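> Test case, fold it:
(chains A and B, ligands or ions: 1)
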Amino acid sequence: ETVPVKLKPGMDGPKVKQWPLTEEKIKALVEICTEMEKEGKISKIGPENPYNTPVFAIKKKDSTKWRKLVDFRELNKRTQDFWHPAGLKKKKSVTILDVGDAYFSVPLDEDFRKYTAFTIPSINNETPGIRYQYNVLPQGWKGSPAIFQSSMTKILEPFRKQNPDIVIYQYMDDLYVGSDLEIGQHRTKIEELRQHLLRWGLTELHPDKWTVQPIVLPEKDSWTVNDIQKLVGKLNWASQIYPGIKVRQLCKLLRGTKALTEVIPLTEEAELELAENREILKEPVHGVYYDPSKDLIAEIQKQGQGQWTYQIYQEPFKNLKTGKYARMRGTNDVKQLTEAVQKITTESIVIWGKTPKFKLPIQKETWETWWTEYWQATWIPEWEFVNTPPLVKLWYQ
Amino acid sequence: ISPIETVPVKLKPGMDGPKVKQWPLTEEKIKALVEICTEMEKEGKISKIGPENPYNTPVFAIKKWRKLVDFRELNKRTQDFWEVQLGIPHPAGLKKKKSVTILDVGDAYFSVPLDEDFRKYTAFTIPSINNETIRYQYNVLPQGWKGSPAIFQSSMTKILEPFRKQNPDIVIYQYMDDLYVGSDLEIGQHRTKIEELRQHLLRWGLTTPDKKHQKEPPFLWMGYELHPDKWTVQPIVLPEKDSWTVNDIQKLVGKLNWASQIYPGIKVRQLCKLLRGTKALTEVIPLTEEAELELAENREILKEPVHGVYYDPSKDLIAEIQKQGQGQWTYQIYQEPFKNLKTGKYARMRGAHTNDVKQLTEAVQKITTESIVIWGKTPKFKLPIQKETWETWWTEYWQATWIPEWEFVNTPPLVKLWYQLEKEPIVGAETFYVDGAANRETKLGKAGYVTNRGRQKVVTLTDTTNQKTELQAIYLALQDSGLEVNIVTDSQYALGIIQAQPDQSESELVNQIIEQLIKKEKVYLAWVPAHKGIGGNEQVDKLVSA
Ligand SMILES: Cc1ccnc2c1NC(=O)c1cccnc1N2C1CC1
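Numbering: from 1, shown residues only, chains lettered A, B, ... in the order given. Sharing the structure here:
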């Protein structure tokens, strides 16, 4: 059986070029692909198939063996459309599972295969690339999870009737399961699900912890002109989100062309102004509601010393969530940045069940040379490169 | 000819290739084509058609006579195929062999069968003075058709496939109608393998030159001389004329530019000067004295021979870099001291605002990607920078930046941080509150400042903007100021640019500031929002708006 799939009207197959790969990787591909070839998963293609999609190799979490990874972003975006339990987000713990394996079992409408074409490069172009196209449902294709939904639910009902207290959500090649249970029973019971899943062909987050973090203002024994200026700056910005924020009293303390280091005693009025503002900030600005008809946006700023702040939002200054990320043991802005995006995407997946478009503070060249080297998810969000304003950073500190 | 499974071809969806009429030719050609064609007709190449064919491409006859056909039309209505790798092997990434033969198949396209189904579409015609009636169509890949290259290579790849699995000690390169074959076998063994190869191909209909007709090493490659164990940089000759047109000069530069990578010390600054304001390619420009000079110095340099070794997978790849001037970098990649695999030069990237550390970072990113392609590896770098400076730069810069494994090399001129901004205000140091503004309809602007010690100054500008004026103020401040300053501005723009400590730019203005900046002994720059009752700022806000 094969449900015919089609590209969005008037759209044509992807013709994305293959970035170069490390020796190590390439080999693993050649290795992996001969395997999938023998098993029929994929077949070699000719010069008449002009389409092409990028592929690479990764090692998810603690693994010596490589995993083939194909970047179907363009294909997905060109594939027709097909067709979220808030419960998920509101859980104690949530676990992710990799059901990509499941897709192999299903054949792909032969008429669509051509588009799935890809290439195993060679060093120094010394060799003609190894061209392939899938014969089954490929992992990463927005279309796979879909055509597989039917069989998915089936295999799921059981665990969903046995344990109708947990929530199982599927995104691409991932399965998200959440239970307010306790860990011991959680790590052991999840096992129960992978057991049930295993008799077919397959093989630790805390949502109640994600929110819109509070802006904190500096408190100091004494205040210099400089100190006060920087304060007013932050406050002034913050007034865009909280029009309740006032700076009159403080501005006054400044009236005059004094030295920058001059110490200024605060007025009872100014101290009130601060008091009042501190309070206006003890909570996230009212009326911030997520909109599904709109795109999620995740902005990240580099704070230095391995720290990174980020905000998820659809409309400017109306954050749905804001956060920070410290650094993973083992001096690499790119590993950190990559790790961050993955964290923020997963987190975005949980809550709204969709990936955010990233605005990365890095140069295209830099990011493209290495991100694939620390990537570890089965999915890939969208991203663009920017230049962090000097301000935006001081503010989220 | 050849018996390989033909490739399924189809015309771009919808499109179809109907008719570009025939170009009536003289009688000497109408028959000089009638001849050559009867030929191919027998060889099976072309097939006398007409039964049912509305399509047609025009034939031409060029000075021997020889025939040419215009599929120019046919092509644009032909589906697109999988591109012919235009990414190509660079000498520096080859593994030394004991021998390397080259087999020029020559007559190939005409050996590979055409997708029968599609042949009709190839129909073309031969004139006849009195047009009283010659219709043909190709049965094999047509010399000039869109898909001939892809369709051929692919067949090629399929024909070697066995052979290679059978002969892993042998290595084959397919380029155009060419095949480079090298190995580690002995002089006779290889010879014999070639022969095997040769006939194997004929077992498939692909003719190739024998041993007493094949070309001999070294082989010319995108500028190099390839010997199976080493390569030499083709000698580069520069003409000596009394007549140097613009054209002559450009091409020279073009040539010298290429040599800039292999050869050390090449210059074109003064030759380049000679094009300034040129009115025509055919124009003649007398070479200045300095020109007649570097050109000579370049000839001396160009005589030197550049020898090079290949890649040994059992040795470290190492890339060392040098700062040959601002924005200008030189690099050499070797495995054994002085035995270079590859060398190159990256020219001054002249943008809005950077610095060496940043520049160095991109140079490094560039070599890495080059390397991942050439060798599928990343060299261990040796950079003219101290881990401390890099540690200072990254640890404090706003953008994700990375440098793969590397090692400091104390080979000046070193890349450093020309200046650093204080992290806190400076005590006793004067304090300049600067500002500037410009109208959105006159582009008339005012820039100036007001400071604690009473000192001040305003100035008028014409044809400027908000950002140019704001910068202007900071400059003034940096001038009428002592060796330690505190500067407070309201321009997020000015700030950011400076917050990133630039040391090179294409703005005369910025450059000047930079200079000023490097001069000072202690600088702290600060920012305060625009139009508020913020001391000092509300003051200048009054002077730059009168
Ligand atoms: C032009 C070219 C491109 C790619 N590889 C090669 C060649 N030609 C050679 O002569 C050559 C020289 C040294 C090592 N490999 C070489 N060969 C390989 C085939 C033995």
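> Give the closest residue to whatever residue of the stretch 401-546 of chain B ends up closest to the ligand in space, chain neighbours not counted.
Proximity to the ligand, evaluated over the stretch 401-546 of chain B using CB to the nearest ligand atom, is greatest for residue B:404 at 26.8 Å. Using the backbone N, CA and C atoms, a C-beta is placed for each residue, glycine as well. Once flanking residues are discounted, residue B:404 sits nearest to residue B:378: 5.1 Å by CB to CB, 6 or more residues apart in numbering or on different chains.
> Break chain A down into its structural domains.
Annotated domains of chain A cover A:1-85+A:104-144, A:87-103+A:145-203, A:204-290, A:291-395 [curated CATH domains].
> got the ones you listed as a markdown table, with mean neighbour count columns?
Shown next, in a markdown table, are those (neighbours: other CB atoms under 10 Å in any protein chain shown):
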| stretch | mean neighbour count |
| --- | --- |
| domain A:1-85+A:104-144 | 17 |
| domain A:87-103+A:145-203 | 16 |
| domain A:204-290 | 16 |
| domain A:291-395 | 18 |
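> who wins for proximity to residue B:28 among those domains?
domain A:1-85+A:104-144 (39.2 Å; CB to CB).
> touching chain B at all, that closest one?
Yes: for domain A:1-85+A:104-144, a contact with chain B is found by CB under 8 Å from any CB of the partner chain, at A:20-24, A:26, A:46-50, A:52, A:123-126, A:128-129, A:131.
> any idea what sits nearest residue 201, other than its immediate chain neighbours?
This is for chain A. Counting by CB to CB, 6+ apart, residue A:201 lies nearest to residue A:101, which is 5.5 Å off, once chain neighbours are set aside.
> could you do chain B instead?
Residue B:201's closest residue in space is residue B:208 (CB to CB, 6+ apart), at 6.0 Å.
> how about residue B:440, what does it touch?
By CB atoms under 8 Å, 6 or more residues apart in numbering or on different chains, the contact list for residue B:440 is empty.
> Tell me if it really is in a strand.
No: remark: residue B:440 does not belong to a strand; assigned using DSSP: H, G, I helix; E, B strand; the rest coil, it is coil.
> ok, it to residue B:469 distance?
13 Å (CB to CB, to the nearest Å).
> which parts of the stretch 101-250 of chain B sit against the ligand?
Residues of the stretch 101-250 of chain B lying close to the ligand (CB under 6 Å from any ligand atom) are B:171, B:173, B:180, B:181, B:182, B:219, B:221, B:226, B:228.
> Same question for chain A.
When proximity is defined as CB under 6 Å from any ligand atom, chain A approaches the ligand at residue A:126.
> Check chain B too.
So chain B meets the ligand at B:89, B:94, B:97, B:100, B:171, B:173, B:180-182, B:219, B:221, B:226, B:228, B:310 (CB under 6 Å from any ligand atom).
> Closest one of the residues you listed to the ligand?
residue B:182 (2.7 Å).
> I figured residue A:166 hits residue A:178, correct?
Yes: proximity of residue A:166 to residue A:178 meets the contact threshold set by CB atoms under 8 Å, at 6.3 Å.
> And the closest residue to residue A:41 other than its chain neighbours, how close does it get to residue B:309?
Spatial nearest neighbour of residue A:41, chain neighbours left out: residue A:136 (5.4 Å); criterion: CB to CB, 6+ apart. Distance, residue A:136 to residue B:309, using CB to CB: 47 Å.
> measure residue B:293 to the ligand for me?
According to CB to the nearest ligand atom, to the nearest Å, residue B:293 and the ligand sit 38 Å apart.
> swap in residue B:3?
27 Å.
> show me the contacts for that residue.
B:113, B:204, B:205.
> can you check residue A:311 too?
Counting by CB under 8 Å, 6+ apart, the residues that residue A:311 touches are A:298, A:299, A:319, A:321, A:322, A:323, A:396.
> quick one: residue A:280 and residue A:274, what's the gap?
Applying CB to CB, the value for residue A:280 to residue A:274 is 11 Å.
> what does residue B:304 give?
72 Å.
> Then residue A:120?
From residue A:120 to residue A:274 the distance is 62 Å (CB to CB).
> just residue B:307 next, same as before
73 Å.
> And for residue B:56?
Using CB to CB, residue B:56 is found at 86 Å from residue A:274.
> What residues does the stretch 151-300 of chain B have near chain A?
B:151, B:153, B:154, B:157, B:171, B:173, B:174.
> Which of those fall within helices?
B:151, B:153, B:154, B:157 (DSSP state H).
> Could you single out the nearest of those residues to chain A?
Minimum distance to chain A across those is 4.3 Å, recorded for residue B:154 (CB to the nearest CB).
> Would you agree residue B:459 is in contact with residue B:446?
Yes: with contact defined as CB under 8 Å, residue B:459 counts as touching residue B:446 (7.1 Å).
> Between these two, which is the more surrounded one?
Ranked by neighbour count (other CB atoms under 10 Å in any protein chain shown), residue B:459 and residue B:446 place residue B:446 first, with 22 against 16.
> Who are the contact partners of the residue nearest to the more buried one when sequence neighbours are not counted?
Leaving out its chain neighbours, the residue that sits closest to residue B:446 by CB to CB, 6+ apart is residue B:544, at 4.0 Å. By CB under 8 Å, 6+ apart, the contact set of residue B:544 is B:435, B:436, B:437, B:445, B:446, B:447, B:448, B:458, B:469, B:473.
> Touching stretch B:379-392 from outside, list them.
B:316-323, B:333, B:357, B:360, B:364, B:367-368, B:371, B:403-417, B:420.
> Need the three-state assignment for the residue nearest to residue B:404.
Under three-state DSSP, residue B:378 falls in the coil class.
> Spit out the contact partners of it.
A:22, B:317, B:368, B:371, B:372, B:404, B:405.
> Can you tell me which of those residues is closest to residue A:40?
residue A:22 (28.5 Å).
> ok, the closest residue in space to that closest one that isn't next to it in sequence - how many residues close by?
Once flanking residues are discounted, residue A:22 sits nearest to residue B:376: 5.7 Å by CB to CB, 6+ apart. For residue B:376, the neighbour count with other CB under 10 Å is 23.
> Now the closest residue to residue B:416 other than its chain neighbours: which helix or strand?
Closest residue to residue B:416 in three dimensions, ignoring its sequence neighbours and counting by CB to CB, 6+ apart: residue B:389, at 5.8 Å. In the assignment (DSSP states H and E), residue B:389 maps to helix B:387-396.
> Could you give me the buried positions within that helix?
B:389, B:390, B:393, B:394 (16 or more other CB atoms under 10 Å in any protein chain shown).
> who's in contact with residue 222?
Just so you know, I chose chain A. Counted by CB under 8 Å, 6+ apart, residue A:222 has contacts residue A:263.
> actually chain B
Residue B:222 touches B:88, B:90, B:91, counting by CB under 8 Å, 6+ apart.
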